[PDB]
């Protein structure tokens, strides 16, 4: 009732009209708006109470048009289409950092879990463990950044596996590169990962005694940033949520003890400080700190110190030199160890979740939910931000491909009358980053470190040269920095330290350290057999994210998409502040006007003749006798027969060369409901009991 709930119904179409509609609605606590099947969600930054089980049930069994716009309707539609066409589904969610991708993802899972039923005990196991993954992963992969208090620092693709009854049988979490660097340092007023503050603040007495776990203010990794408390975040409550969820997922008390031993080791390693000896070498400042860190690592202090302070150099084939590190270099290796521990720990937690959630029955269909880290910009931007923004650029490209390009190309192939709508295709920006043969940003970084010289500075310089030499409309070299013209704006990346970040490779002596450990979990996180070939130049982080992203693209093009575009209305997390220009910028670079124009002129539904007959044959008496298919002619003529027999006006539908198109959503929902009520209408046909 406020403005227009579906932007295709705007009286005048423009970015400014869209911005006005979203702003009136947002001011009236209507954060959800449609563009046809697509959902736009403006982040209210306030609990509006729209995710109650009362509301949730009010959306069960409805179509997009019978209820006000809601994330629940997107999830309902995905689950319906899954059991209707027996088709896998994927939900794509775009948004800047803090726009509310993660919250929308969780509301979709919530809807699926509630609606999908299942009374079996195993089923309820799945539903509860799936849900318990949220507090565990958020505690290990989310942290306070300047742009968002509960900021996803890892990417996630959750797949829910269903049996023929449409019940949750299993799940699978695919994780994208984690921001491990957070572990060892943060921008002022940012925090470390949530887990470290939960655990430092609320550690059990046992843990606090065996593992030395003090309060976060005593650790550099958790206090140096001058932020220990976050608005709206109770760390001790959340620590308890973490522990319960670990229990639900099936972690034994030893497994949990190992995890928290590693977290405590990280914090203690972080407090190791160095001074300069008589030769200029690194020397530990306080022996007691290293001693405790080594206890936690189950190694001798000599071993830990050596691993942190001595670099193994192989200049010739048969020559090996032990070079003592200077204090700066030793800090670098200290943080490299802390980061490696936390990263491998995270990967283990995700693998263990995957084991606990593995399909216990045969599986028929899947629903996938994408929750990536959103596009973001800081005063300093390094590799971390390049990787995140690259993933957002790839996701934009997927959106463009599906929402704008593919549909129009299909109109042209199917000889439907169409005047193409123009849009900005950002594939060139993706190319600029992910290109190999014409060296791109990642490839250039790899080539700079291809030489494998000890000094990163020279590699950064070689990289900056490569950048200067490139001529590309979206790239702008500067003095030790470079700007990318990303779909969502200009981002200035600092070149210093970028190539070592891209070359995410543990040093030889540090890898030598894990061999000496007495702890079985340490050996789990660091298998010795992968250290066989020192000579080889190993895969880079940009290689890994390139692979992850293009895997993702294949996955998503194998499933039926549903679309959520989230919008961040202000940078103060205010429930009342609506920054017109910022929303307008977002509306523009997301191409919401183009979506509006296509959706108005476009057809609402397109289906292959085969699947159309397979799904709608019951509607025609010609094509259906007693709920059994029977057609003597061609599939195309069966489609035409079914459409004639439903007696929908000829203007509502169109026949292509290979596919069949239905223009208005109402027509489609009508056909779908007629299909659903077929058994209902036969049973209704046996109701002439009252003779007179």
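Numbering follows the first chain given and starts at 1.
Per the entry, higher mean C-alpha B factor between 533-541 and 366-374: Taking the mean C-alpha B-factor of 366-374 and of 533-541, the larger value falls to 533-541.
Selected stretch [higher average CA B-factor]: 65-73 or 635-643: Stretch with the greater average CA B-factor: 635-643.
Checking the record values for 393, 384, 455, 234, which has the greatest CA B factor? Of 393, 384, 455, 234, 455 has the highest C-alpha B-factor.
Per the entry, which of 184, 178, 320, 428 tops the list for Cα B factor? So the option with the highest C-alpha B-factor is 320.
Ranked against its chain, the third holding the CA B-factor of residue 648: Highest third - that is where residue 648 ends up once the chain's C-alpha B-factors are sorted.
Among the chain's modelled residues, which third holds the C-alpha B-factor of residue 52? Within its chain, residue 52 is a middle-third residue by C-alpha B-factor, going by the deposited values.
Split the chain's modelled residues into thirds by Cα B-factor; is residue 589 in the lowest, middle or highest one? Answer is lowest: the recorded C-alpha B-factor places it there.
By its CA B factor, does residue 208 count among the lowest, middle or highest third of the modelled residues in the chain? It belongs to the middle third of the chain when residues are ordered by C-alpha B-factor.
Hey, what third does residue 464 fall into on Cα B-factor, ranked over its chain? Tercile = middle for this residue's CA B-factor.
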